[PDB]
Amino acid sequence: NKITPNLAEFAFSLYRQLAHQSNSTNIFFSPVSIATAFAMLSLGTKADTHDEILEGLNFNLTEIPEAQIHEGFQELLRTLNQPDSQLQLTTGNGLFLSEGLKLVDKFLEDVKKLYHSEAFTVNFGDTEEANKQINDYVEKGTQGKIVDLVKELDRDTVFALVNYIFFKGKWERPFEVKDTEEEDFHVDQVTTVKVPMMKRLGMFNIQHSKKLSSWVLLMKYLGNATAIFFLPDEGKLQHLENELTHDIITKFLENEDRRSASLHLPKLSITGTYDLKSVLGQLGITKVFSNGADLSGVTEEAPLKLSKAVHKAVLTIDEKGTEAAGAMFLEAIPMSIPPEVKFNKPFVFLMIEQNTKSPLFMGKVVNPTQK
């Protein structure tokens, strides 16, 4: 897991930027899917264009050889696409290139073989039809969960990147639907809204952190992933966001102790849609989106730049995530008063791949029913 510390720093860099833009919008994105897509794209770039991308993903190119970077991403893709996988993770990356371009076979080989991604040729001379084919690809890739992703292409587009990911996990220890009820969610210190709130009494991997001034809950999904929820103390949301570090997360993941608690956790259906040209440009990735881009690994003779780049991530959290009966189990609950831990005010969360400890998702809920 040589690249996991880098992915974690990329997740935090990207989160802190998005959190700076607006503090009153839900956030949800996939550090892994974005980083994988641009590590892949770098295989078609050279010199400064190439270095900017990998440096913008938090790789210090004076310290880590590039071979270890791509080997880390490929080993990560190997775990996320295992056939027998209950994790049910739907992600894709689509490269849409002008059909008039003479493409380098090596790049198309690396895209398909090394990164198991998709590259298409489109007539960008028909802007509306190209837009439709881009949206149809995403819509088909998500069986209709993500529709009308790209809303506008500029006439001069010759190369577009769409990165999508949809996740609805199945809890190893699920909630009972009968126990879900409408509860208050404190959007601020004097204001509440009603939201569907799951609840369960059980033995949870839960603790209060003095360092983070937050409750920290870890819940495992069927498959190879764990959700980490951070509930900041009154007035500590910003402190929480500032103090998160990869080392702090690792310590939580290594703790397996469980304690009784009465957990209240909102059902969630949230999405995040980001213009990666804008967002990654704030992290230093600019030349690949500019006329000066060195994409000679993609096409040798003609100029090229990445004109459009979008990420959309969709999250569903509910009681079971499936209609099938799960494996039954019994937890031994002591008779002492369980703490009441209610995720009923803004909180942060992170989903981690158990094998690599990579950050599959990161987000913030400011209002579950915001839209």
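In case it trips you up, residue 1 is the first one in the sequence shown, and so on.
Comparing 179-187 with 79-87, which has the greater mean CA B-factor as deposited? Here the higher of the two C-alpha B-factor means belongs to 79-87.
Which of the two stretches, 249-257 or 147-155, shows the higher mean Cα temperature factor in the record? Taking the mean B-factor of the alpha carbons in each, 147-155 is higher.
Identity of residue with top Cα B-factor, from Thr316, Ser30, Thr322, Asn344: That would be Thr322.
What third of the chain, by the recorded C-alpha B-factor, contains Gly326? Ranked within chain, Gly326 CA B lands in the highest tercile.
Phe120 by Cα B-factor - lowest, middle or highest third of the modelled chain: It belongs to the middle third of the chain when residues are ordered by C-alpha B-factor.
Name the third of the chain's ranked CA B-factors that contains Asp275, choosing lowest, middle or highest. For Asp275, the deposited C-alpha B-factor lands in the lowest third.
Third of the chain's Cα B-factor distribution that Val104 belongs to, per the entry: It belongs to the highest third of the chain when residues are ordered by C-alpha B-factor.
Record-listed C-alpha B factor of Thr36: chain third: Lowest third.
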